[PDB]
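[1] what's the 3D shape of this:
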Amino acid sequence: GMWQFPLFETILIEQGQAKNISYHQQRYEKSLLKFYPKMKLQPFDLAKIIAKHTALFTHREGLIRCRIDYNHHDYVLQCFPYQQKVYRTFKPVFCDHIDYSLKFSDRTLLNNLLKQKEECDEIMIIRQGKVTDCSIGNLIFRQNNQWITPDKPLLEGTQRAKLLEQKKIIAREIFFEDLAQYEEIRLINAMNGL
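    Numbering: from 1, shown residues only. Next comes the structure:
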């Protein structure tokens, strides 16, 4: 939440390794450059911050969620245990004016959109005719034996980035009208892989 840290990163520890760390570092720097333009910053080394909490790796079993909230010159690390969660149903929510192109710690709108999920497990934000993100992650849609993700999401997820880099998913423009074409919907994010 906190007032003076307006951005964050959520990192998974799984099987005693921090995951997709360089993807997080990239977004972190991209974010510093967009949010603090004209400033000359020294970015933190996110891998080093994590690594030095050696207690995070004592055990191979278990999942840990590490959140790093930051601003232009400081950060806070917080670690919680995590249990796998299942997201299977998604409520379409219509919202044409929402910017979540960085991972802002102020998530008031996203949280208000999520309240519209009713009986679904989560939401699916339709912005300007296009399927974008759910409230906590990006979305993937099954077609044939492939997984397709929207080429214009609200936020470029780290998990999405790794999956694209590995060719495990495919980027494509997805209009709301296109949902017809797909067989299954799922979420992806730092805590929810494929």
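
[2] report the buried residues of the lengthiest helix in the chain.
    In the chain, with assignment by DSSP state H, the single longest helix is helix 21-35. Of all the residues in helix 21-35, those buried under the rule 16 or more other CB atoms under 10 Å are 21, 23, 24, 25, 27, 28, 31, 32. In short, each C-beta sits where N, CA and C put it, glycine included.

[3] distance from the chain centre to stretch 103-121, please.
    With CA atoms, centre = their mean, to the nearest Å as the basis, stretch 103-121 stands 14 Å off its chain's centre.

[4] show me the contact partners of it.
    1-2, 5-9, 27, 31, 69, 86-91, 93, 95, 98, 100, 122-123, 125, 135, 155 (CB atoms under 8 Å, 6 or more residues apart in numbering).

[5] just to be sure, which of those are found in strands?
    The strands, defined by DSSP state E, take in 7, 8, 9, 69, 90, 91, 93, 122, 123, 125 from those.

[6] which one of these sits closest to residue 44?
    Distance to residue 44 across these (CB to CB) is lowest for residue 9, with 10.2 Å.

[7] now that closest one, which residues is it bridged with?
    residue 68 (DSSP bridges).

[8] residues contacting it?
    24, 27, 28, 46, 67, 68, 70, 103, 158, 190.

[9] buried subset of the ones in strands among the contacts of stretch 103-121?
    7, 8, 9, 69, 90, 91, 93, 122, 123, 125.

[10] what residue spans form the domains of the chain?
    Listed by curated CATH domains, the domain ranges of the chain are 1-85, 86-194.

[11] one step back: is it possible to export the ones in strands among the contacts of stretch 103-121 to JSON lines including distance to residue 114?
    JSON lines is the format used below for the ones in strands among the contacts of stretch 103-121 (distance: CB to CB, whole Å):
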{"residue": "7", "distance to residue 114": "20"}
{"residue": "8", "distance to residue 114": "17"}
{"residue": "9", "distance to residue 114": "20"}
{"residue": "69", "distance to residue 114": "20"}
{"residue": "90", "distance to residue 114": "11"}
{"residue": "91", "distance to residue 114": "9"}
{"residue": "93", "distance to residue 114": "8"}
{"residue": "122", "distance to residue 114": "7"}
{"residue": "123", "distance to residue 114": "6"}
{"residue": "125", "distance to residue 114": "10"}
